[PDB]
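Indexing begins at 1, ligand by ligand and atom by atom, following the structure's order. If you read the sequence from its start, that first residue is 1, and numbering goes on from there.
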Amino acid sequence: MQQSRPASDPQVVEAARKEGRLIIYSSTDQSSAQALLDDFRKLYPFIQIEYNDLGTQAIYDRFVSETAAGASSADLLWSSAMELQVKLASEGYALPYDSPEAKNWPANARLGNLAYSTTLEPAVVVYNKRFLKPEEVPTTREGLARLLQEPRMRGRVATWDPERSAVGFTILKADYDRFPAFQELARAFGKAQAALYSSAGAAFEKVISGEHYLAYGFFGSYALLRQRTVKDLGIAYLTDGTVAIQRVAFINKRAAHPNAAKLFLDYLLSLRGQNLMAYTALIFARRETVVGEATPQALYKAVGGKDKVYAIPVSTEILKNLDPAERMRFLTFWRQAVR
Ligand SMILES: [Cl-]
Ligand code: NA
């Protein structure tokens with residue numbers, strides 16, 4: 001597929017040949033990233049990749065620690081912890097680089113030339129079809145608050161613990177900040193005795209076993225990936241408004257192999273990389289021209305229009321989520337509503 005190679009500066013490519021190495025610190029499971037890594041190496045066979053698959057807090061702590069120690073660290077950081085990525089990229093850790101693959105990124109998908117969105121992943125409802133049929137799974141927060149009044153739903157609901165999950169915090173806080181109906185729905189998680197999880201895996205186990213029937217606020221990427229082998233898992237998309245996270249990539253200012261990192265960033269943003277990510281990894285692409293289920297065009301059809309998707313922006317505005325007063329107001333609401 002020579003016609004689909006990423007746009008590249010020839011000087012970057014020549015400097016990447018001399019570097020011949022790329023160190024990535026990433027939150028993305030290597031077995032999901034593997035097809036992108038294999039396809040990037042076919043495009044640029046002269047690069048050796050070290051892919052470090054780490055938890056989001058681990059990436060932040062390690063990179064900050066190594067930098068402070070003057071140590072060799074990563075060339076490229078790729079993480080679903082939006083606030084931690086935007087914090088690093090707005091505190092002097094990022095290499096400014098205008099990606100030739102990002103010319104049509106919306107301003108809210110890039111921190112200028114410091115960091116880029118690589119995904120647009122919606123928070124969805126998942127449910128066990130043996131216990132809830134698609135026609136009775138509400139697609140609005142008011143509808144879900146009503147369903148959760150039913151005694152058959154008591155102890156049958158999962159959501160995030162925003163006190164034990166950074167991504168869980170980001171997604172539920174985005175919901176609370178944007179949708180008044182969220183407050184009714186949080187109260188209904190209290191009524192239904194919602195179980196709160198620090199990971200999607202722990203929450204989905206219970207939904208697949210039928211110990212829970214429904215889970216709220218987990219991401220569509222993971223839900224599609226589990227659904228590929230669990231035919232009882234249903235996905236519903238919220239039509240009153242969907243919140244979506246964006247996995248953020250940036251190049252280390254102090255990268256030993258900055259030109260290799262530029263090629264990898266361009267690849268991740270390109271149609272070739274975004275297509276392959278949607279198709280093989282079932283990670284919802286950022287790029288609007290991707291065709292398939294895990295894509296913006298499919299998401300917009302499912303929710304009833306692009307205007308019903310709120311992307312959490314790749315912007316310093318999201319650092320209010322780290323402000324202790326803002327955190328205390330949300331968490332004191334949350335803990336009262338759900339317990
Ligand atoms: Cl390699
Ligand atoms: Na390039």
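When each of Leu132, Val126, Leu147 is checked for a side-chain contact (heavy atoms from CB on, under 4.5 Å) with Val137, only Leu132 meets the rule.
Between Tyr237 and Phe284, the angle of the ring planes goes over 60°, which puts this pair in the perpendicular group of the 30/60° scheme.
Near the Na ion (ligand 2), less than 3.0 Å away, sit the protein N, O or S atoms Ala7 O, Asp266 OD2.
The CZ atom of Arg17 lies 9.5 Å from the CG atom of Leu263; values are rounded to the nearest 0.5 Å. Here the CD1-CE distance, from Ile171 to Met82, works out to 9.5 Å after rounding to the nearest 0.5 Å.
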Show me the donor-acceptor pairs within less than 3.5 Å that the side chains of residues 290-298 make with the rest of the protein, sequence neighbours left out.
{"unit_1": "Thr295", "atom_1": "OG1", "unit_2": "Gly292", "atom_2": "O", "d": "2.6"}
{"unit_1": "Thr295", "atom_1": "OG1", "unit_2": "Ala298", "atom_2": "N", "d": "3.3"}
{"unit_1": "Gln297", "atom_1": "NE2", "unit_2": "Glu288", "atom_2": "O", "d": "3.1"}

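The number of heavy-atom neighbours closer than 6.0 Å to CZ of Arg228, taken from other residues, nucleotides and ligands shown, is 12 or below.
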